[PDB]
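Encoded as structure tokens, the structure appears first; notes follow it.
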Amino acid sequence: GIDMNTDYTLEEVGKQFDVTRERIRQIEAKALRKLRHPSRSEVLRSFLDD
DNA sequence: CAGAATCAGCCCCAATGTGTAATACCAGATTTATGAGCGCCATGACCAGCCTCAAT
């Protein structure tokens, strides 16, 4: 739910993008892995107050 | 000329407004909590080539 009124489910997103649900899942997992890769999001890691 | 009436002037009585510096039971109806169940977005496991390199 980023920069929009509401979020969209994975199936509606796949339908809008003409991409299967599993391919959408794999692309999301690749994006999450790339964000978990180091040398990035250092301020995001610093955003924890514990 | 003195009389008292109905109007302004005057006066007594009531009213509000102020007061600082950090019982009993009976019956009939309703609802929240545990009963399971359909159904599913998303977890874990494959599995075909287009996209990305090598030797001659």
Side-chain angles (χ1 to χ4, degrees):
Chain A
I2 292 179
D3 216 358
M4 273 184 294
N5 292 317
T6 175
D7 55 341
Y8 293 102
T9 182
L10 190 137
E11 154 68 42
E12 183 169 22
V13 168
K15 192 255 306 206
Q16 216 274 327
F17 284 164
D18 207 74
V19 175
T20 58
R21 287 206 312 273
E22 178 80 49
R23 185 56 198 165
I24 287 298
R25 213 208 64 96
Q26 292 200 10
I27 295 163
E28 214 205 296
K30 290 191 287 292
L32 263 294
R33 186 176 63 250
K34 170 191 289 181
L35 292 187
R36 260 81 153 265
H37 175 272
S39 71
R40 208 205 292 247
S41 69
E42 188 262 332
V43 53
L44 267 299
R45 271 103 168 101
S46 299
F47 266 117
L48 312 176
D49 49 343
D50 39 359

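As a basis for the values below, the full set of heavy atoms in this structure was taken, side chains included, without hydrogen atoms, waters or symmetry mates. Proteins come first, then strands; the chains are lettered A, B, ... in the order of their sequence lines, and each starts at number 1.
- Going by the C1'-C2'-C3'-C4' torsion, the sugar of B:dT18 sits on the north side, since that angle is positive.
- Looking at heavy-atom distances under 4.0 Å, A:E28 makes no contact with the nucleic acid at all.
- To the nearest 0.5 Å, the span separating NZ on A:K15 from OG1 on A:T9 amounts to 11.5 Å.
- Nucleotide B:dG28 shows a negative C1'-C2'-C3'-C4' value and thus a south, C2'-endo-like sugar.
- Side-chain N/O atoms of A:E22 and base N/O atoms of B:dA42 include no donor-acceptor pair closer than 3.5 Å.
- Counting to the nearest Å, the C1' atom of B:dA42 and the CG atom of A:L32 are 13 Å from each other.
- In terms of the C1'-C2'-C3'-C4' torsion, B:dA48 has a north-puckered sugar. The angle is above zero.
- With B:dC46, B:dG44, B:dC41 as the candidates, the nucleotide lying closest to the side chain of A:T9 is B:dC41.
- Heavy-atom minimum distance, A:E11 versus A:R21: OE1-NH1, 3.0 Å.
- Pucker annotation for B:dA33 reads south, on the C2'-endo side, since its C1'-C2'-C3'-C4' dihedral is below zero.
- Nucleotide B:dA27 carries a south sugar; the sign of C1'-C2'-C3'-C4' is negative.
- Among B:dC46, B:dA42, B:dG44, the nucleotide with an atom closest to any side-chain atom of A:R25 is B:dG44.
- The distance between atom CD of A:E12 and atom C1' of B:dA42, rounded to the nearest whole Å, is 16 Å.
- Spacing between atom CD of A:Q26 and atom P of B:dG44 amounts to 14 Å, rounded to whole angstrom units.
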